[PDB]
């Protein structure tokens, strides 16, 4: 099953303040109007990077696991949520399809429908990073049409090989793609509108001009 | 006996952190977290988000920085500079200049 | 010219208004 | 004839405040260790050298 | 004239096949011999710009 992503999955590409300005970047991003997979469950591929989101109420989701095996032979990445905060470790566990009940040769450790939570999980080869957002929403199961950017939480200096992930409300998964984007910054440093450059010829025109408004005419 | 080892994992114990006093409103050479430059460092009201470290103008040139030892978001003005031109009457008539 | 004002004319003011790193 | 340029009056560096005592005084000021063959290893990490 | 000046400024950040367009990278990372080759690439680029 599938659902429209609208304009979600934008995130701050660098630790740079900009104001009242349009800036452009090429990176792994979720395409606009892409089909996310609908859920309300299995192990899934990571591809080059994951977008993950859920219609939260009481922080139901307990965590995530990432790796090549997710099943010993290497320290697979483990992430867990306690209250408003996060516990992280890399572990050679070999649990069955109930890892939340299973509860390791470790080399790293760290600790930090009313709502929508959104996350991006990314490998840069210059180590691994996480970006996030939390908002209220209308109680609809499908992702509402609206805009805000995801903000960085951590860099994990871990070097772990990842090709799949698993999870410990409705929820959604999509995949990042190497794409150019245009990003609009308000006065207060904040990404506040965007264009996916490849989306359609009008979007490509906006990105050709480095603008959001296009006057009448013809443009190469 | 203390043992020192180096692996491929990122080191969490460094204890270097080259730093100095921070001087406002004068032309100064500077480094912030490895961002080197020279100019007049000044105060600012520019609302950096908590993860943002540096700020840039329309032509990509740096205009602001976070002080890593405080909450200060500085604005960086370039060095004051300009062409120098000599006004002269013809040397056949006078040697005075401005 | 308007003497009450840069002592431009009225039509010169429209022209100076419409027309719009280191 | 030339370009004027107000020179750097002095030089500045800023990095995060390391400024965190490393757990090392608990070993040198200790009053009980072990034998030479049954030595211990206190893994020290996440501090300021 | 705005497009000309902004394009002339943005070309400072282009690498022209050199290791970085931030000149202080080359001056801190490389010994004078190899640094001269990388700077000469940036000079050739900025000058042609």
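Where a number appears in this text, it was derived from the coordinates with a stated rule and is not lab data. Neighbour counts are summed over all protein chains in view; Cβ atoms, including those assigned to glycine, are modelled from backbone coordinates with ideal geometry.
Test of understanding: among E:27, E:5, E:12, which residue is within 14 Å of another protein chain (Cβ to nearest Cβ), surrounded by 12 or more Cβ atoms within 10 Å (Cβ to Cβ) and part of a helix (DSSP H, G or I)?
Working: E:5 fails: surrounded by 12 or more Cβ atoms within 10 Å (Cβ to Cβ); E:12 fails: part of a helix (DSSP H, G or I).
Result of the check over E:27, E:5, E:12: E:27.
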Practice task
Could you look through segment A:178-198, keep only residues that are surrounded by fewer than 16 Cβ atoms within 10 Å (Cβ to Cβ) and over 14 Å from residue A:21 (Cα atoms), and pick out the one that is nearest to the chain's Cα centre (by Cα)?
Solution key: A:178
Problem - Qualifying residue in segment A:93-103 (condition: part of a loop (DSSP other than H, G, I, E, B), on the phi > 0 side of the Ramachandran plot and surrounded by fewer than 14 Cβ atoms within 10 Å (Cβ to Cβ)) - result: yes
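Listed here are the residues, each with its yes/no results for (1) facing another protein chain (nearest Cβ under 9 Å); (2) over 28 Å from residue B:19 (Cα atoms).
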site: B:52; (1), (2): yes, no
site: B:57; (1), (2): yes, no
site: B:62; (1), (2): no, no
site: B:72; (1), (2): no, no
site: B:78; (1), (2): yes, no
site: B:81; (1), (2): yes, no
site: B:87; (1), (2): no, yes
site: B:92; (1), (2): no, yes
Problem - Residue that is farthest from the other protein chains (Cβ to nearest Cβ), among those in segment A:11-40 that are in a strand (DSSP E or B) and more than 23 Å from residue A:52 (Cβ to Cβ) - result: A:24
Handout entry: Subset of segment A:161-210 [out of contact with any strand residue (DSSP E or B) (no Cβ under 8 Å at 6 or more places or on another chain) and in a loop (DSSP other than H, G, I, E, B)]
Key = A:187, A:188, A:190, A:199, A:200
Completion exercise
Residues of segment A:149-158 being assigned to a loop (DSSP other than H, G, I, E, B) and surrounded by fewer than 17 Cβ atoms within 10 Å (Cβ to Cβ), in sequence order, are A:157
Practice task
Tell me which of these residue A:133 doesn't satisfy, since it passes every other one: (1) more than 30 Å from residue B:11 (Cβ to Cβ); (2) not in a strand (DSSP E or B).
Solution key: (2)
Fill in the blank from the handout: Picked from segment B:24-48 (must be touching a strand residue (DSSP E or B) at 6+ places or on another chain (Cβ under 7 Å) and more than 24 Å from residue D:8 (Cα to Cα)), the residue farthest from the other protein chains (Cβ to nearest Cβ) is B:46
Exercise for the section: Give me a count of the residues in segment B:85-98 that are surrounded by 10 or more Cβ atoms within 10 Å (Cβ to Cβ) and within 17 Å of residue D:3 (Cα to Cα). Expected result: 0
Problem - Residue ID - nearest to the other protein chains (Cβ to nearest Cβ), chosen from residues in segment A:1-10 that are surrounded by 15 or more Cβ atoms within 10 Å (Cβ to Cβ) and assigned to a loop (DSSP other than H, G, I, E, B) - result: A:10
Handout entry: Top-ranked residue in segment D:12-47 [being closer than 29 Å to residue B:53 by Cβ and exposed (fewer than 12 other Cβ atoms within 10 Å of the Cβ); ranked as farthest from the other protein chains (Cβ to nearest Cβ)]
Key = D:21
